[PDB]
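Below is one structure, written out as structure tokens, with a few remarks after it.
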Amino acid sequence: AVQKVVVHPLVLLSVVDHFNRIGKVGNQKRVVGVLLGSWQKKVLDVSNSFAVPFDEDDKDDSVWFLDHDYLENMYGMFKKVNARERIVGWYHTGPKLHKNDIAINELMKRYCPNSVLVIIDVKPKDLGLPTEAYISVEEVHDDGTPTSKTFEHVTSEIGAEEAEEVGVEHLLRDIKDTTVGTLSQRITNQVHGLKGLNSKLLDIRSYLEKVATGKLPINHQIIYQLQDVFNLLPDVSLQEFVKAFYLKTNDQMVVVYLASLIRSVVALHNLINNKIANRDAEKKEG
Amino acid sequence: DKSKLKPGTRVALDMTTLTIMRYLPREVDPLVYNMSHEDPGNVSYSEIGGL
Amino acid sequence: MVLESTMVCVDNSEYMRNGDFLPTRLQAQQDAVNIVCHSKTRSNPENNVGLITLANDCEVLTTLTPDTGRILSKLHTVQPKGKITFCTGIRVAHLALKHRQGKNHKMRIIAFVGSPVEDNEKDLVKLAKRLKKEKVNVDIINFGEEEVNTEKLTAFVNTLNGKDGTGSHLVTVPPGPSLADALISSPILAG
Amino acid sequence: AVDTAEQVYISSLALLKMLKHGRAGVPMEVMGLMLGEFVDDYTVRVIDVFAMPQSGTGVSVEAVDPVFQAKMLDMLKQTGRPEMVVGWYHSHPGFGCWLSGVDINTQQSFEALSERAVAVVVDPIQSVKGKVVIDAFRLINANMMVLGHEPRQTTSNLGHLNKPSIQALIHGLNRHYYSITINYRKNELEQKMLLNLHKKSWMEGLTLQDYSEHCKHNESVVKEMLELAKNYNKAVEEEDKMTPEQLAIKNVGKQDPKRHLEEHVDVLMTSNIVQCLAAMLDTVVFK
Ligand SMILES: [Zn+2]
């Protein structure tokens, strides 16, 4: 239903500072808060957020509290200072998908119809993007209990804004791999993207570990996609795909040959522009 | 409503920072308005005669 | 005035479903809640009163507020039907008591039982010594009908005012459908 | 007294709050409140900023409702953690930064509460990347200006490091207020999680980029690159001629083949080589 999301650095830091301001609890706390923003053109947007007062105990871990007085009053304030701004969903700090995050969404679904969640990271280390968002469905299959409230991950990305890029680029001042030439693609996706294939490669290997040892659900709805992958594995070197390849490339290196061929003539013309500069400078200057 | 600022329309500005504050409708200068509706003469076809 | 925050736990379970008490059980304990929040409110303007239940779905129907009109509106057509779950009533009380406005306030809860309980006394003695280690003073007032003589409740309040607590109370239900105001006339006079 | 070595520390979030709320209602002078720990006589550490909604239409600074900041002061008290109000701000939008006569009044209403309150001006237009432009201020007493006496008694080579702007020098600059050198507090906990997340492709370079139109676009550059090279067979020939400064001023009406050429050579080059190598890795990786 909703295509993808847009997340700002303001909300991105604006969870982490709250994790600091409850960071004096020491023992254990998750950061849970209310996510605010709009969505237009079936593109989700996230602009602002805050956090709800919240506690939890491990013994009888089916008890949670969201102060709706704080919710109504503070969102009334945010509506008052910005009527354009509104509710969009929620977020929890999300290390590993806590258990109450199946009916928190049911607790606050009366506010937003597509009451969406956001899982973030407070210990940032990965080779990907540590921002996650699911969506609520209660989809029905064809075996066992039908209507099952399973969250489903819609794709996610960090959105920019012309206002906030001044502050972001100001707060970097650290490293910036611009001059995007023949190098920046090699590292933004050719070095790094293979490691992007490494983790998704290793993930199904980790799921695979139930061979006779792991959890109880065997396959049913996992192996049609895997069987579809191994059926969908590409063509081997026999056909014209080789000769179209060879044939293909062979066309591209022509254009490479022309471009490199003109570049040397350009630099040689600059050398003549240099000779004229130094010669008619030696006898004239002295 | 930046979709509604047509090339041609009349708008208001800011004095200091010089930004556009509010779109406006068209206006009618004093001369015309005092050309519009200033005759309370209520003569009729009954008064005229002969043509 | 004196620092507490009154947290009432209402009983919307499925054994609250007759007119044995004269107007309505719901209206009777409802107006009891009204006059005890007049007592706590008019004895202390700082005290706020919100309501929780200990049924299957322990909902915060009203957020903890010094208002009473939302409390009245939710107690209108509250639909007291569902399976009671008392063992999570302790956690859904105390965790909100950690959610309260200030820990300078006295942890005081009133708890309403008008249904048969299926708890283990081991479970409420783990939660009871949990309330000992958390220093929590709850006076439980029984309503409606019950397993006679509060089975596990005397042991619970005993393991609540035990170890120099000795100030907590357990008002049992008299099994006669009378006007409950004189039934609760003792804790409102002296806790 | 002070030593013009005050050194305000702020945050890594409040700058974002200032630019967002200063940018959303930008042609009106929006404002709000500042909220952080007040450390010693020299420094201050303002960790948080929440904004205040306006009073009505009109370019000014409106007023402050202590009902509203009394409540909002307590929302974080019963939810997050207690802090202290230390300063406040407004927004000269595209002006630069100074104190107006209206600004100095509402400042003067705040310094009587706490003597080390802070005036702050954000300018969310003239900032691009390295120029954020804030320059927090505070009043100086005009009584000592009547005394003809110099305040603020410099004990450290820390004050006169930034030269003041000429427009604030036209304004009350040094006769009613002073500047404060500021900087920022940050950590790798934030630096990594904003660097690693801002501009990230996912698996996009592991694609093939419109495989029919790649060679077609390659044609679509080389074709006019021919005639542009004919212009390079035109523009060299007026050397051994008039001086190259006249061959500098004279070329401001018509295009040159040189720079325009070496642009397209780069575009064809990096356009081709990425599609080549990225085309060839998948042959190994996928079967
Ligand atoms: Zn101003």
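Things worth noting here:
- Any hit, the range D:198-209, residues being aromatic (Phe, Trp, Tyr) and either touching a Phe, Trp or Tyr at 6+ places or on another chain (Cβ under 6 Å) or not in a helix (DSSP H, G or I) (or both): yes
- Residue among A:38, A:115 that alone is within 25 Å of residue A:9 (Cα to Cα), within 14 Å of chain D (Cβ to nearest Cβ) and small (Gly, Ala, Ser): A:38
- Residues that are closer than 30 Å to residue B:20 by Cα and more than 15 Å from the ligand (Cβ to nearest atom), drawn from the range D:65-99: D:65
- Options D:115, D:111; residue that is free of Cβ contacts under 8 Å to residues at least 12 places away in the same chain, more than 15 Å from the ligand (Cβ to nearest atom) and of a type in the set (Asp, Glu): D:115
- Among the candidates A:173, A:205, A:186, residue that is under 24 Å from the mean Cα position of the chain (by Cα), without any contact (Cβ under 8 Å) to a residue 60 or more places away in the chain and more than 10 Å from chain D (Cβ to nearest Cβ): A:205
- Which listed residue, of C:67, C:31, C:57, is within 11 Å of chain A (Cβ to nearest Cβ) and over 24 Å from residue C:136 (Cβ atoms): C:67
- Filtered by the rule that a residue be of a type in the set (D, E, K, R) and closer than 14 Å to residue D:18 by Cα, the range D:117-138 gives D:123, D:135.
- Residues within the range D:236-264 that are at the interface with another protein chain (Cβ under 9 Å from one of its Cβ atoms) and either over 23 Å from residue A:264 (Cα atoms) or free of Cβ contacts under 8 Å to residues at least 24 places away in the same chain (or both), tallied: 4
- Summed over the range A:148-171, the residues that are loosely packed, with under 12 Cβ neighbours inside 10 Å and farther than 23 Å from residue A:3 by Cα give a count of 0.
- Within the range C:82-140, being in contact (Cβ under 8 Å) with a residue 40 or more places away in the chain, in contact with a helix residue (DSSP H, G or I) (Cβ under 8 Å, 6 or more places away or on another chain) and part of a helix (DSSP H, G or I) holds for C:90, C:94, C:127, C:130, C:131.
- Looking across the range D:30-56, the residues that are more than 8 Å from every other protein chain (Cβ to nearest Cβ), more than 18 Å from the chain's Cα centre (by Cα), within 22 Å of residue D:106 (Cα to Cα) and not in a strand (DSSP E or B) come down to D:38, D:44, D:54, D:55, D:56.
- Boolean, residue A:138 is in contact with a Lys or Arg (Cβ under 9 Å, 6 or more places away or on another chain) and within 14 Å of chain D (Cβ to nearest Cβ): no
- Scan the range D:5-27 for residues that are farther than 24 Å from residue D:76 by Cβ and surrounded by 21 or more Cβ atoms within 10 Å (Cβ to Cβ) and the total you get is 1.
Cβ atoms come from the backbone with ideal geometry, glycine included; neighbour counts cover every protein chain shown. Here, each number is a calculation from the coordinates, and none is a lab measurement.
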